[PDB]
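The next block holds one structure in the form of structure tokens; read it before the comments.
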Amino acid sequence: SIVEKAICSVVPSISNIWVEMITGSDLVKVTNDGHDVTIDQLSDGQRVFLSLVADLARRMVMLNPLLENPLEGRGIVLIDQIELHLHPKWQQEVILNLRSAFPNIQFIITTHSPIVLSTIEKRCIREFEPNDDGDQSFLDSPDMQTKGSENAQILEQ
Amino acid sequence: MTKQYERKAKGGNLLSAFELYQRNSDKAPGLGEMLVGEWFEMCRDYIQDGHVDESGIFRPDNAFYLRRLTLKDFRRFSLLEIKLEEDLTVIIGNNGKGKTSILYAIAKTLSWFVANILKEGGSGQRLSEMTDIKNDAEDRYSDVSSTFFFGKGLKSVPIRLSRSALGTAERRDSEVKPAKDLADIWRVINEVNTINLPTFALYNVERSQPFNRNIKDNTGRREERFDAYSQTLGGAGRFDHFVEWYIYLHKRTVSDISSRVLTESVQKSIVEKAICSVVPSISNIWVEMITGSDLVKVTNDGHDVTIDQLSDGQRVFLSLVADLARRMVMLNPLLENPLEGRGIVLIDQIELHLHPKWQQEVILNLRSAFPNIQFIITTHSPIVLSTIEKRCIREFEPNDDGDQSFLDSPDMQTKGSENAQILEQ
Amino acid sequence: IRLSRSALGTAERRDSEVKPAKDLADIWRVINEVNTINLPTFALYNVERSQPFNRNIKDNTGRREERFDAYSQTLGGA
Amino acid sequence: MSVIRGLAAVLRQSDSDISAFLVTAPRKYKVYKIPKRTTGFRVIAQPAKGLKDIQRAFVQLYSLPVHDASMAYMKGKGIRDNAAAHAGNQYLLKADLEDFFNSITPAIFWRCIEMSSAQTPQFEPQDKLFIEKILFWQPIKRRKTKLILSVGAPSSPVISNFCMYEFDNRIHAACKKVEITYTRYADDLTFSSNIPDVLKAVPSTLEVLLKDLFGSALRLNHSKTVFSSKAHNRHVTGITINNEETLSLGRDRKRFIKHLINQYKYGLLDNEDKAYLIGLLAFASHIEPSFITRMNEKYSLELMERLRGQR
RNA sequence: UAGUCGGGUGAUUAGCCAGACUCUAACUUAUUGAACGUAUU
Ligand SMILES: Nc1ncnc2c1ncn2[C@@H]1O[C@H](COP(=O)(O)OP(=O)(O)O)[C@@H](O)[C@H]1O
């Protein structure tokens with residue numbers, strides 16, 4: 001139940017996930033927008049995000065048996081290109097969902113989109129300057145508050 | 001009979017001319033010939049004719065592209081119809097709306113063309129009976145109908161790929177004969193006299209896997225012309241094949257001293273120019289043979305670096321461009337610029353691993369390098385759409401359940417527009 | 001029986017003619033299924049025959065006693 | 001014995017002989033391949049002479065209901081009427097049926113008999129077995145329960161016209177209310193209207209009506225559903241509709257005929273191509289009479305008189 | 001702008017000239033059989 005709640009509450013399209021017996025063999029079926037497709041019928045965007053969230057939730061559940069909510073456990077998670085295969089609609093809620101499902105995990109992510117940056121505070125961003133040959137010795141936060149700003153402003157400044 | 005075929009062929013019909021050529025050839029010392037010199041010459045001139053327009057680009061007289069696609073009970077679509085453009089088509093929408101399904105269906109259709117170009121009566125890929133049929137369809141079968149255009153002499157090449165669901169007594173056949181006929185024309189004409197062949201390529205999400213130079217005994221011969229069709233619609237272009245081919249070209253060029261000029265050097269130069277022009281960060285590419293394992297090196301932002309030290313985004317795009325350039329060069333030996341050959345290229349998520357700065361010019365660079373290629377592309381970005389005309393965009397409504405009949409363009413001109421406006425509208 | 005192959009891009013395809021061998025083997029198989037008969041033994045022993053023994057041996061019991069296991073890897077060389 | 005008695009009366013043969021003939025009659029077909037115009041072949045099964053005579057006598061004896069929207073295999077009606085039904089119109093929805101003749105089984109024929117809205121001949125249960133032997137072709141020798149209509153048989157056109165009498169009636173009734181005219185040349189449904197954006201809803205109606213009537217046996221060919229308007233080429237069953245709302249053979253065919261006449265002017269046309277041109281000019285005179293006058297002006301009346309009919 | 005329609009010229013299925021149209025949108029097909037046109041009759 002904990003893993004199901006973690007999966008459904010983070011992936012925007014997944015409503016319910018369960019194991020069904022088909023022709024004797026056991027397989028996992030999910031609910032995408034009211035339809036009951038299976039896992040290998042998922043798109044590259046929903047399947048990758050689902051795999052990430054499911055793996056993280058399973059790891060927390062196994063590693064945190066003494067908590068009432070195993071997802072509220074310590075850890076460090078590195079994610080490369082968090083917005084991978086994600087529509088801009090899903091990028092507006094990929095950080096809030098992850099940080100509400102895993103409150104105590106330190107997330108260190110890299111992004112290529114301003115829509116993700118619009119949901120993140122300025123203090124949390126380390127930016128490489130466009131004219132950087134590698135001699136610089138500090139990654140700095142932007143000089144604009146990206147949280148709650150326009151897409152054009154974040155994309156330009 | 002013979003005279004109906006003659007009347008159609010002299011009117012410009014390619015299929016009738018090829019039928020006349022094959023028949024007349026059959027009689028080796030009888031009526032007809034070897035280049036039937038009327039019918040074989042007309043077929044080869046149909047395939048090969050073209051002119052250089054005012055911009056210096058060679059344009060084939062009879063272009064080849066995909067006109068229409070119909071999807072019946074295929075994945076989420078009950079009945080969908082698309083009207084792809086000749087030059088560029090961009091499919092957009094939310095996640096799980098069926099863009100990758102459309103590209104997958106088009107690639108499955110093109111696999112028959114590739115297979116029948118490679119072999120006589122070859123069998124292409126087929127729809128899956130486990131995941132491609134719509135789950136809640138009543139009929140329990142799926143269709144993927146397509147129509148291809150190959151000039152005024154061959155205006156329609158209908159091909160339908162069908163598959164019935166698992167455990168269904170009644171099976172559905174596929175109508176793949178016209179594609180076999182067109183590819184038979186291509187292959188037979190090429191055998192008698194070398195002609196430029198179309199390039200069919202699919203670049204799915206399956207690309208962008210790590211790349212290590214682990215391909216030595218790779219069995220197949222990369223110089224062989226018809227190696228440009230090997231795994232060309234698998235989703236991940238063979239970048240290892242490109243590396244082997246490039247090293248082969250470099251060896252043939254450095255070991256050499258109709259006009260006593262090596263065509264391998266010309267191919268290598270063309271591929272180098274294409275790679276440098278399309279990829280933004282890469283400025284020059286070469287092969288190093290000292291430190292005596294063969295290595296490919298590129299100039300990234302003024303720093304000479306190896307091919308496995310590229311980032312994810314400068315290596316995936318480089319793989320795509322290099323594979324496409326190699327296949328175009330190998331399949332178009334008679335063209336002054338082989339990249340001006342015709343074909344259909346499918347790119348899924350063209351903005352993959354790319355910074356917004358690179359998204360502002362990927363489409364323009366790709367269309368400038370390959371002007372006669374029909375690009376069918378999906379994207380999740382307003383920045384890529386700001387560089388693309390409105391007529392090229394096929395959008396999915398935000399409240400579609402798969403029962404839409406025809407995909408449409410947006411009501412707002414996207415070319416040259418601000419990113420916020422394209423995002424909102 | 002003819003085993004034919006053609007290069008890629010050839011105008012005409014060269015195919016095998018394995019039908020008579022298939023017919024003879026069909027006779028063998030069907031007659032054996034109806035009533036047990038003696039079957040021919042086709043084997044190939046290449047240079048790869050000279051390979052070291054591996055002593056402790058997979059106890060994959062159940063398939064070594066079936067009759068048609070005599071055709072398993074029988075033309076592999078070793 | 002009803003049907004056999006009538007067949008004997010018309011064919012002047014004994015009832016016993018006709019009954020004996022109609023035992024392996026569905027197997028009495030000779031199948032051959034005719035060339036396609038571009039490439040490939042078409043498989044046609046034509047019944048033997050005796051079975052052909054039996055089928056002709058049967059279709060002459062029993063008249064099945066047919067609709068006025070059917071322009072194929074009808075006396076006095078043909079290609080020109082089908083094209084001229086949509087001559088004055090702007091948008092059109094040419095559609096096709098998937099293996100129409102081979103999808104008509106005896107079950108379909110008998111089902112359509114009992115639910116017909118119009119008068120239907122009364123068939124005794126004794127002759128219902130003989131009707132299937134008379135009409136339907138049995139294409140596989142080992143399978144005796146696979147009976148289908150074969151194009152190339154005298155009886156098949158009228159049987160196929162009757163099997164879609166109810167489909168034609170319902171489509172015409174539902175289609176004339178939205179100001180759309182409908183025709184069918186026995187495999188090729190034609191819709192046109194001067195009202196925009198009303199033809200786009202027709203293919204769904206066709207699909208649901210086909211499911212309602214024939215179930216899964218008969219279905220549309222989704223690859224052959226074509227929309228067109230005055231911005232594009234418009235042709236109905238071989239006749240191009242001009243932007244001037246008149247029937248025409250198309251510019252290409254009319255230039256081909258002009259080339260043939262010019263070749264005949266200088267004696268560069270042999271006997272076979274001369275006969276082909278006389279046949280094509282008869283067809284052109286049927287479809288587009290003004291083309292004959294224009295060719296008389298261009299190539300003089302004397303030359304046309306020497307080529308075409310003189311008496 | 002394409003694309004489409006097709007009146008004329010053109011040893012003529014090509015090239016050209018004039019005119020016109022634009023529902024998101026033709027792709028010209030099949031006999032010996034059926035009907036249509038035409039010819040013998
Ligand atoms: N057989 C099927 N039946 C029903 N829905 C399916 C079937 N196969 C796939 N789908 C649905 O189609 C979508 C496939 O996503 P995809 O085509 O990759 O889209 P995209 O390019 O937008 O990511 C998913 O939403 C999935 O639920």
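Naming convention: chains lettered A, B, ... in sequence-line order (proteins, then strands); numbering from 1 in each chain. Both backbone and side-chain heavy atoms feed into the values below; hydrogens, waters and symmetry mates do not.
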How would you label the contact of [X] with the nucleic acid (heavy atoms, under 4.0 Å): base, sugar-phosphate, or nothing?
{"X": "B:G11", "answer": "base"}
{"X": "B:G12", "answer": "nothing"}
{"X": "D:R42", "answer": "base"}
{"X": "D:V151", "answer": "base"}
{"X": "D:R56", "answer": "sugar-phosphate"}
{"X": "D:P35", "answer": "sugar-phosphate"}
{"X": "B:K8", "answer": "sugar-phosphate"}

Is there a donor and acceptor pair, one atom on the side chain of [X] and one on the base of [N], closer than 3.5 Å?
{"X": "D:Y299", "N": "E:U12", "result": "yes"}
{"X": "D:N233", "N": "E:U4", "result": "no"}
{"X": "D:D252", "N": "E:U28", "result": "no"}
{"X": "D:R255", "N": "E:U9", "result": "yes"}
{"X": "D:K298", "N": "E:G10", "result": "yes"}
{"X": "B:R67", "N": "E:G3", "result": "no"}
{"X": "D:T240", "N": "E:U28", "result": "yes"}
{"X": "D:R311", "N": "E:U41", "result": "yes"}

Worksheet item: Does D:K200 make a cation-pi contact with B:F406 (under 6.0 Å, within 45 degrees of the axis)?
Response: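 No, cation not above the ring by the 6.0 Å, 45° rule.
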Worksheet item: Is there a stack between D:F227 and E:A25, judged by ring centres under 5.5 Å and planes under 30°?
Response: yes
Discussion item. So is the aromatic ring of D:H232 stacked onto the base of E:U22, judging by whether the centres are under 5.5 Å apart and the planes are under 30° apart?
Written reply: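 Here D:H232 fails the 5.5 Å or the 30° condition.
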Worksheet entry | Anti versus syn assignment for E:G15, with syn defined as within 90° of 0 |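 E:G15: anti glycosidic orientation.
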Worksheet item: For E:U28 and E:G15, do both pairing distances fall under 3.5 Å in a Watson-Crick or G-U wobble arrangement?
Response: no
Looking only at side-chain N and O atoms, does [Y] offer a donor or acceptor that is under 3.5 Å from a partner on [X]?
{"X": "D:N82", "Y": "D:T237", "answer": "no"}
{"X": "B:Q413", "Y": "B:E389", "answer": "yes"}
{"X": "B:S145", "Y": "D:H222", "answer": "no"}

Worksheet item: Paired with E:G19 by Watson-Crick or G-U wobble geometry, both distances under 3.5 Å: which nucleotide is it?
Response: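 E:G19 is paired, partner E:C5.
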Worksheet item: Quick one: which of E:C21, E:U4, E:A26 gets closest to the side chain of D:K230?
Response: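 Output: E:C21.
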